[PDB]
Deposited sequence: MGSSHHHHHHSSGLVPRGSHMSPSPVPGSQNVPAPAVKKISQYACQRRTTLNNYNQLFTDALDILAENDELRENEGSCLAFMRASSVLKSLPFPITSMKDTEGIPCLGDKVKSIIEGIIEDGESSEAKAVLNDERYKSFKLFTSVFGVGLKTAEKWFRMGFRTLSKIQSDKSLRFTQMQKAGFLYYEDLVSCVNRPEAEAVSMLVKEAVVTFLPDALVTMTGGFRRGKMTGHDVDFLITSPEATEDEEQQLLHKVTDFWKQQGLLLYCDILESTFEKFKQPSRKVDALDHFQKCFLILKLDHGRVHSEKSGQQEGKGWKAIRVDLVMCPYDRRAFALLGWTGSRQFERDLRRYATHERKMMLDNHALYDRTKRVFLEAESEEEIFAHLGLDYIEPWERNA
C-alpha cells in the first residue's frame, strides 16, 4: 500500500509516467503563478506519487489504490490515456501570462513580482526587456542577463565535478579539515541541473572561522578572475531555537554565486569563448547540524515538504535544516548522519537517489 508521504516512497530517476507528471507539473506551476496554493499542492502530490510508480499507468484501473489522486487529477490522467496529450496542460503552455512568467523568471534575479510588473507593462520578450532604456535592473538581474545563455544551458556531471574540485581546492586552503559535499539534484543522481550546490562544514573551526570561510573563498576567486557574481547571506542561526513550522530559507550562512568555469578543467567526452558561467550555491553549517543541513539541501523539494509534514502530523516532531525536536519527550534529537534522522522519525532509510 503506497503511502501518501514522499518520505515513505522510493522515487528513482526512471519515471515511467512522464506523460502524466509533465502535465501535472505544468498545471501545478500555473496554479503557483495564479496564487492558487491549494490546487498547486493537489497537483504536486499527484505528480509526486506517480513519479514513485515502478510501472506506467496505461488504463484508469491502474490508478486504483493510489493515494493523492482526486477527481480533477483523474480527469487529467483519463484525457492523457485518451490521445496521449493533456488539453488542460496544452492550454497553460499557450497562455500568455504563463509563457511570460516562465520566460521572465528564467532570468537569474527575476522573481514573481518583477515578472508580473513587466507583463503588466506590456513586455513579452527578453530582447525587449534588455534593450529598454527606461527599465532599471538590480545587480542580480544584470548578471542574470549577461550570463543568460550559459545559465539556461544545463550543468552536466563533468561540469559539476569540475566545480566540486574548484570548491574543495579553495575551501581546504583556509580550512584544511573541512568537509565539502555536493548536495541538490546531483546528489540524487541527476545527469543535469540548473546549478551546483555544496554543503561545507568543519569539525574544528571556531564560530568566527566558520563565518569567514565563504568571504575568504569568494575573495580568492575574485583575485583569480573567476567570481562573476557573488551574494553572501549572513547566518541568522540560533543554536537553541525550536525548528520552524513554516513551509522558506534556512538560517545558515550561504552564498549564491556565478563562477567562471574554464573548459580545460572539465573532463568530458567533448574535450566558443573557452569557459561557461555556472550557478553555484555554498552553505556553511555548524558541525553538529551537518546531518540536518545535508538532508534539507539534498531534496527534492517535495521530499523535504513531506518529511516535515510526516514529522509533524505522524510523530509530533518538528524538523527543519537545523534540528529535530521531539514535542512529546521535550528534547532535541541528535544525529551524526541522515540514517540516524530517518531512524528517529521511525522511517526506513531512503537513499539520496530515491528522493526524486
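Within the chain's deposited sequence, the coordinate-free stretches run 1 to 38, 286, 311 to 314, 400 in sequence order.
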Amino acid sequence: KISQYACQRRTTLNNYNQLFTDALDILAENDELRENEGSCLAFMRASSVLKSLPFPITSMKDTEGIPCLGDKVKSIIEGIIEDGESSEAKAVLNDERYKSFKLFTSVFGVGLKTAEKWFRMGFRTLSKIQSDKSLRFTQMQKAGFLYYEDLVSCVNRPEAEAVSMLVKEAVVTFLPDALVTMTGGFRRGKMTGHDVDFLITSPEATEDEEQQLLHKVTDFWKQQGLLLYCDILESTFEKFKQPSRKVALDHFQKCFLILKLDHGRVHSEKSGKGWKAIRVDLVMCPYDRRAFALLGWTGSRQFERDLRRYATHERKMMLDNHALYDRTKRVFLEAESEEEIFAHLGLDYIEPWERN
From here on, numbers count along this sequence of modelled residues.
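Take the two forms, find the largest set of C-alpha atoms that superpose within 1.5 Å, and that set is the rigid core.
After a core fit, the C-alpha atoms in 7 other deposited structures of this protein lie farther on average from the shown form in one of 286 to 294 and 25 to 33, namely 25 to 33.
Where the other entries of this protein model the residues before and after it, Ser75 is kept in all of them rather than dropped from a third.
Per the records, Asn94 is modelled in every other compared entry, just as the shown structure includes it, so no third of them leave it out. The mean C-alpha temperature factor is higher for 80 to 88 when 159 to 167 and 80 to 88 are set side by side. Checked against the record, the higher mean CA B factor of 49 to 57 and 325 to 333 lies with 325 to 333.
When the C-alpha B factors of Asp95, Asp132, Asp150, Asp197 are read from the deposited coordinates, the top value falls at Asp95. Between the residues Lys102, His267, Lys190, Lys142, it is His267 that shows the highest Cα B-factor in the PDB record. Ranked by Cα temperature factor within the chain, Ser106 sits in the middle third according to the deposited record.
For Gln211, the recorded CA temperature factor ranks within the highest third of the chain's modelled residues. Per-chain ranking of the deposited C-alpha B factor places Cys154 in the highest third. Among all modelled residues in this chain, the alpha-carbon of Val217 has a temperature factor (C-alpha) in the highest third. Looking at the C-alpha B-factors along this chain, the one for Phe252 belongs to the middle third.
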